[PDB]
Amino acid sequence: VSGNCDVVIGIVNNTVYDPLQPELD
Amino acid sequence: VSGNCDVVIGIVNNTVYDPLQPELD
Amino acid sequence: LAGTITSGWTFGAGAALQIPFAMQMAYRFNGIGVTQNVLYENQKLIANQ
Ligand SMILES: *[C@@H]1O[C@H](CO)[C@@H](O)[C@H](O)[C@H]1NC(C)=O
């Protein structure tokens with residue numbers, strides 16, 4: 001996840017799966 | 001992590017923060 | 001040249017595959033030990049140079 005969402009020329013708003021968080025809970 | 005601290009030469013101290021603990025607490 | 005810019009290194013090793021040039025640079029940057037994030041963030045600057 002390095003960087004912030006203003007510096008890339010090409011981008012899309014796809015949702016990240018983020019599998020790790022649910023397991024921790 | 002790779003075993004005991006003493007064997008390595010030039011090892012320096014201080015924190016190694018990990019993300020999982022905060023969420024668990 | 002045309003193949004290299006459009007297909008990167010794919011044409012040399014097989015049927016040419018189209019990939020965006022910005023993406024190709026990221027792949028190439030990876031080879032030299034610099035991460036992908038540096039290229040996109042500095043893409044405007046890199047292009048100028
Ligand atoms: C070209 O790609 C950029 C992302 O790098 C995108 O924002 C833009 O909409 C595209 N434009 C055309 C004409 O394909």
# chains A, B, ... in the order shown; residues from 1 in each chain; ligands from 1
$ calpha_fit_and_write --fixed "chain B" --moving "chain A" --output "compact mmCIF listing (two decimals) with N, CA, C and O atoms, in the first residue's frame"
# COMPACT_ATOMS: atom_id res chain seq x y z
N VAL A 1 11.75 -12.84 12.97
CA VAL A 1 12.46 -12.87 14.26
C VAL A 1 13.39 -14.07 14.54
O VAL A 1 13.66 -14.35 15.71
N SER A 2 13.88 -14.77 13.53
CA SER A 2 14.79 -15.89 13.76
C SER A 2 16.05 -15.52 14.57
O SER A 2 16.64 -14.48 14.38
N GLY A 3 16.44 -16.44 15.45
CA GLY A 3 17.66 -16.29 16.25
C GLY A 3 17.46 -15.57 17.57
O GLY A 3 16.37 -15.12 17.91
N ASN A 4 18.54 -15.48 18.33
CA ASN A 4 18.57 -14.85 19.67
C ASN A 4 19.54 -13.72 19.61
O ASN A 4 20.49 -13.79 18.86
N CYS A 5 19.43 -12.75 20.49
CA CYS A 5 20.32 -11.57 20.43
C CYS A 5 21.73 -11.71 21.04
O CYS A 5 22.12 -10.89 21.87
N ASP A 6 22.47 -12.76 20.67
CA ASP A 6 23.91 -12.87 21.02
C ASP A 6 24.81 -13.28 19.82
O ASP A 6 26.05 -13.20 19.93
N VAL A 7 24.22 -13.66 18.68
CA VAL A 7 25.02 -14.23 17.60
C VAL A 7 25.31 -13.24 16.47
O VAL A 7 25.98 -13.59 15.53
N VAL A 8 24.80 -12.02 16.51
CA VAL A 8 25.08 -11.05 15.44
C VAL A 8 26.17 -10.05 15.84
O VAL A 8 26.12 -9.47 16.92
N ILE A 9 27.09 -9.76 14.92
CA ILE A 9 28.24 -8.89 15.21
C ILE A 9 27.84 -7.42 15.34
O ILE A 9 28.32 -6.70 16.25
N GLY A 10 26.98 -6.98 14.41
CA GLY A 10 26.42 -5.63 14.37
C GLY A 10 24.95 -5.66 14.74
O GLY A 10 24.16 -6.35 14.08
N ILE A 11 24.58 -4.89 15.76
CA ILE A 11 23.17 -4.82 16.20
C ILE A 11 22.74 -3.50 16.85
O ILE A 11 23.59 -2.78 17.35
N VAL A 12 21.44 -3.20 16.86
CA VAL A 12 20.95 -1.97 17.53
C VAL A 12 19.67 -2.28 18.32
O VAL A 12 18.89 -3.12 17.88
N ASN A 13 19.37 -1.51 19.35
CA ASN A 13 18.21 -1.75 20.17
C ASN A 13 16.92 -1.05 19.76
O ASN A 13 16.06 -0.74 20.58
N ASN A 14 16.78 -0.80 18.45
CA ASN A 14 15.55 -0.14 17.96
C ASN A 14 14.33 -0.96 18.35
O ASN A 14 14.33 -2.18 18.19
N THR A 15 13.27 -0.30 18.81
CA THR A 15 12.02 -0.98 19.10
C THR A 15 11.28 -1.34 17.80
O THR A 15 11.05 -0.50 16.91
N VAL A 16 10.83 -2.59 17.73
CA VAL A 16 10.00 -3.09 16.66
C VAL A 16 8.59 -2.51 16.83
O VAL A 16 8.01 -2.51 17.93
N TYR A 17 8.03 -2.00 15.73
CA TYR A 17 6.64 -1.48 15.75
C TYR A 17 5.59 -2.50 16.22
O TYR A 17 4.59 -2.13 16.89
N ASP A 18 5.76 -3.77 15.81
CA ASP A 18 4.84 -4.89 16.20
C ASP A 18 3.32 -4.53 16.06
O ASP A 18 2.55 -4.62 16.99
N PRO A 19 2.92 -4.11 14.84
CA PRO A 19 1.58 -3.65 14.43
C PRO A 19 0.44 -4.70 14.62
O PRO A 19 -0.72 -4.35 14.85
N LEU A 20 0.81 -5.96 14.41
CA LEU A 20 -0.16 -7.08 14.46
C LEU A 20 -0.81 -7.32 15.84
O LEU A 20 -1.97 -7.63 15.92
N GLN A 21 -0.07 -7.17 16.93
CA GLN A 21 -0.59 -7.47 18.26
C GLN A 21 -1.80 -6.62 18.72
O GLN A 21 -2.75 -7.15 19.34
N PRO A 22 -1.72 -5.31 18.50
CA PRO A 22 -2.79 -4.39 18.86
C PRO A 22 -4.10 -4.73 18.18
O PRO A 22 -5.16 -4.69 18.82
N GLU A 23 -4.04 -5.05 16.89
CA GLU A 23 -5.25 -5.44 16.15
C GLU A 23 -5.93 -6.69 16.69
O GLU A 23 -7.15 -6.73 16.80
N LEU A 24 -5.13 -7.68 17.08
CA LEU A 24 -5.66 -8.93 17.63
C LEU A 24 -6.43 -8.67 18.93
O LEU A 24 -7.53 -9.18 19.12
N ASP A 25 -5.84 -7.86 19.80
CA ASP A 25 -6.46 -7.51 21.07
C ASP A 25 -7.90 -7.01 20.88
O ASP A 25 -8.54 -7.08 20.40
$ residues_around --residues "residue 27 (chain C)" --least-positions-apart "6" --cutoff "10 Å" --atoms "only C-alpha atoms" --output "list in words"
residues 8, 21, 34, 35, 36 and 39 of chain C
$ write_last_selection --atoms "N, CA, C and O atoms" --output "mmCIF file, in the first residue's frame"
data_model
loop_
_atom_site.group_PDB
_atom_site.id
_atom_site.type_symbol
_atom_site.label_atom_id
_atom_site.label_comp_id
_atom_site.auth_asym_id
_atom_site.auth_seq_id
_atom_site.Cartn_x
_atom_site.Cartn_y
_atom_site.Cartn_z
ATOM 1 N N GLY C 8 7.284 -4.645 -24.793
ATOM 2 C CA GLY C 8 8.380 -4.883 -23.869
ATOM 3 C C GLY C 8 9.311 -5.968 -24.362
ATOM 4 O O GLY C 8 9.695 -5.971 -25.515
ATOM 5 N N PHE C 21 3.243 1.178 -21.677
ATOM 6 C CA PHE C 21 4.638 1.545 -21.477
ATOM 7 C C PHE C 21 4.957 1.911 -20.041
ATOM 8 O O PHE C 21 6.030 1.586 -19.551
ATOM 9 N N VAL C 34 14.751 -1.177 -7.869
ATOM 10 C CA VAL C 34 13.931 -0.073 -7.417
ATOM 11 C C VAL C 34 12.485 -0.503 -7.525
ATOM 12 O O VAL C 34 12.085 -1.062 -8.530
ATOM 13 N N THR C 35 11.699 -0.221 -6.497
ATOM 14 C CA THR C 35 10.299 -0.648 -6.466
ATOM 15 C C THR C 35 9.407 0.110 -7.443
ATOM 16 O O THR C 35 9.751 1.195 -7.930
ATOM 17 N N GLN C 36 8.254 -0.491 -7.718
ATOM 18 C CA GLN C 36 7.289 0.042 -8.677
ATOM 19 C C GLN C 36 6.755 1.406 -8.278
ATOM 20 O O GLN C 36 6.512 2.246 -9.137
ATOM 21 N N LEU C 39 8.519 4.634 -9.646
ATOM 22 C CA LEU C 39 8.258 5.040 -11.028
ATOM 23 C C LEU C 39 6.949 5.786 -11.278
ATOM 24 O O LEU C 39 6.943 6.783 -11.992
#
$ closest_atom_pairs --of "chain C" --to "ligand 1" --cutoff "12 Å" --atoms "only C-alpha atoms and all ligand atoms" --output "Markdown table"
| residue | atom | partner | partner_atom_place_in_ligand_line | distance |
| --- | --- | --- | --- | --- |
| C:19 | CA | ligand 1 | 5 (O) | 11.9 |
| C:20 | CA | ligand 1 | 5 (O) | 8.5 |
| C:21 | CA | ligand 1 | 5 (O) | 9.5 |
| C:22 | CA | ligand 1 | 5 (O) | 7.5 |
| C:23 | CA | ligand 1 | 5 (O) | 9.3 |
| C:40 | CA | ligand 1 | 5 (O) | 9.6 |
| C:43 | CA | ligand 1 | 5 (O) | 10.3 |
| C:44 | CA | ligand 1 | 5 (O) | 11.3 |
$ write_last_selection --atoms "C-alpha atoms" --output "mmCIF file, in the first residue's frame"
data_model
loop_
_atom_site.group_PDB
_atom_site.id
_atom_site.type_symbol
_atom_site.label_atom_id
_atom_site.label_comp_id
_atom_site.auth_asym_id
_atom_site.auth_seq_id
_atom_site.Cartn_x
_atom_site.Cartn_y
_atom_site.Cartn_z
ATOM 1 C CA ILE C 19 1.528 -3.882 -22.317
ATOM 2 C CA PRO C 20 1.291 -0.219 -21.400
ATOM 3 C CA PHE C 21 4.638 1.545 -21.477
ATOM 4 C CA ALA C 22 4.235 2.949 -17.989
ATOM 5 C CA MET C 23 3.764 -0.589 -16.776
ATOM 6 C CA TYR C 40 4.568 5.976 -10.960
ATOM 7 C CA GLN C 43 6.538 9.305 -13.812
ATOM 8 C CA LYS C 44 6.147 12.934 -14.778
#
$ atom_distance --atom1 "CA of residue 42 (chain C)" --atom2 "CA of residue 4 (chain C)"
21.8 Å
$ atom_distance --atom1 "CA of residue 14 (chain C)" --atom2 "CA of residue 2 (chain C)"
15.3 Å
$ select_by_dssp --residues "chain A" --states "alpha helix (DSSP H)" --output "list in words"
residues 20, 21, 22, 23 and 24 of chain A
$ write_last_selection --atoms "C-alpha atoms" --output "PDB file, in the first residue's frame"
ATOM      1  CA  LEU A  20      -5.889 -10.562   6.824  1.00  0.00           C
ATOM      2  CA  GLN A  21      -8.220  -8.302   8.891  1.00  0.00           C
ATOM      3  CA  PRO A  22     -11.132 -10.758   9.274  1.00  0.00           C
ATOM      4  CA  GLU A  23      -8.838 -13.503  10.580  1.00  0.00           C
ATOM      5  CA  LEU A  24      -7.348 -11.225  13.246  1.00  0.00           C
TER       6      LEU A  24
END
$ atom_distance --atom1 "CA of residue 15 (chain C)" --atom2 "CA of residue 47 (chain C)"
28.0 Å
$ residues_around --residues "residue 16 (chain C)" --least-positions-apart "4" --cutoff "9 Å" --atoms "only C-alpha atoms" --output "list in words"
residues 3, 6, 7, 8, 9, 10, 11 and 12 of chain C
$ write_last_selection --atoms "C-alpha atoms" --output "compact mmCIF listing (two decimals), in the first residue's frame"
# COMPACT_ATOMS: atom_id res chain seq x y z
CA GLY C 3 7.84 -4.08 -30.65
CA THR C 6 4.52 -1.76 -27.17
CA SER C 7 5.34 -5.33 -26.10
CA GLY C 8 8.38 -4.88 -23.87
CA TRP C 9 10.55 -8.00 -23.84
CA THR C 10 7.76 -10.40 -24.80
CA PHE C 11 8.44 -10.18 -28.54
CA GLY C 12 11.98 -11.50 -28.18
